[PDB]
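>>> Any chance you could fold what I've pasted below:
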Amino acid sequence: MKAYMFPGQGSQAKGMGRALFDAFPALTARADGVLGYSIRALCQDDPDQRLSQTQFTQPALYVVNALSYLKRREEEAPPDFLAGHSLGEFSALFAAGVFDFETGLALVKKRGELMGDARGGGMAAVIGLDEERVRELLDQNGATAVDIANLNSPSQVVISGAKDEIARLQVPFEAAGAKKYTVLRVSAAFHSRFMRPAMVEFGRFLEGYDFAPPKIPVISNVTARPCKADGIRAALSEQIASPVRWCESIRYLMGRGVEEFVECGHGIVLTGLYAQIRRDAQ
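Residues are numbered from 1 along each chain as shown. You can find the structure just below:
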């Protein structure tokens, strides 16, 4: 059994998918028209350094992720499961036939806009401590405005929330044994209580869209379980302001019998997390 993993924000880079755009000419020109700019020039040249900003990042990752899946579909046997990290979850739904190429690109476009206009708060990537210790450390240190942003591996947790608390937590976190406390270069606090205004906005935006049932199962970021055709809409809204349960989703797929975990997109971020998750599970 096989599963495809779609990477999210933080794995993009200059030059990504340079071989895909030529292999899929029409698809690339269609993306050009929905976005109003050359997707190719953005990914390969990073014209004026716009790949680090979410409103241009998420569309760029959606196209590269989507073209990689179409190339692997004509070279490999179909996958049994699909999963994506935050933004990748939209590439996983496109691969399952929930929506077509240019519909998913529109949602990601809007999603990139709401997350771009968000201001206030920050993020930090923590390596070395388990979730139960992270929670204990935010309680111990009076960090009342910090939430868990995602659970990427047994020893990797990301926190997000109030800027002043992200910064002052570095010292206690490193004293407790954290291998690395990195304040992420980011504009807002994603997947926390501060994304709720964007969550409500993205909820009314998704009212004008219908979603078809998946043909390949998709493990949700919100539940770490296969999505329901009836619940896809509600889940795409709430995922924005709730933690990504990546570690749980990978473990669910292992319990189902998934043997091969293939990263479908640019980079090998999710391959690194899988190696850690697999060491603790086996």
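>>> And this structure, split by domain according to the record?
Listed domain ranges for the chain are 1-118+187-282, 119-186 (source: curated CATH domains).
>>> Turn those into CSV, including mean neighbour count.
Every C-beta, even on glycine, is put in place using the N, C-alpha and C of the backbone. Listed next are the domains of the chain as CSV, based on neighbours: other CB atoms under 10 Å:
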stretch, mean neighbour count
domain 1-118+187-282, 19
domain 119-186, 18
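>>> Show residues contacting stretch 28-48.
14-18, 21, 50-51, 56, 59-60, 63-64, 67, 101-102, 105-106, 109 (CB atoms under 8 Å, 6 or more residues apart in numbering).
>>> Can you name the helix or strand that the closest residue to residue 237 other than its chain neighbours falls in?
Leaving aside its sequence neighbours, residue 237 sits nearest to residue 203 (CB to CB, 6 or more residues apart in numbering; 4.2 Å). Per DSSP states H and E, residue 203 falls inside helix 196-205.
>>> For that helix, which helices and strands make contact with it?
Packing partners of helix 196-205 (3 or more CB pairs under 8 Å, 6 or more residues apart in numbering; DSSP states H and E): helix 101-117, helix 232-238.
>>> could you dump these to CSV with distance to residue 32?
Formatted as CSV, those follow (distance: least, CB to CB, whole Å):
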stretch, distance to residue 32
helix 101-117, 11
helix 232-238, 25
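>>> For residue 137, which of those is the nearest?
Across the helices and strands packed on helix 196-205, residue 137 has its closest neighbour in helix 232-238 (26.2 Å, CB to CB).
>>> Which members of the contacts of stretch 28-48 are positioned in helices?
18, 21, 56, 59-60, 63-64, 67, 101-102, 105-106, 109 (DSSP state H).
>>> Show me the two of those residues that sit farthest apart.
So, the ones in helices among the contacts of stretch 28-48 by CB to CB: farthest apart are 18 and 106, at 24.5 Å.
>>> Helices of the stretch 151-282 of the chain, start to end?
For the stretch 151-282 of the chain, applying DSSP state H, counting those that start in this stretch gives helices covering 163-168, 170-176, 196-205, 232-238, 246-256, 269-281.
>>> List phi and psi for the closest residue to residue 156 other than its chain neighbours.
Of all residues not flanking residue 156 in the chain, residue 127 sits nearest, at 5.4 Å (CB to CB, 6+ apart). Dihedral pair for residue 127: phi -120, psi 130, per degrees, to the nearest 10.
>>> Run through the residues that contact residue 127.
Applying CB under 8 Å, 6+ apart, the residues near residue 127 are 155, 156, 178, 179, 180.
>>> what comes into contact with the longest strand along the chain?
Identified as the longest strand of the chain according to DSSP state E is strand 146-153. With contact meaning CB under 8 Å, 6+ apart, strand 146-153 is reached by 85-86, 123, 131, 134-135, 138, 157-162, 165-166, 169, 189-193, 243-248, 273, 276-277.
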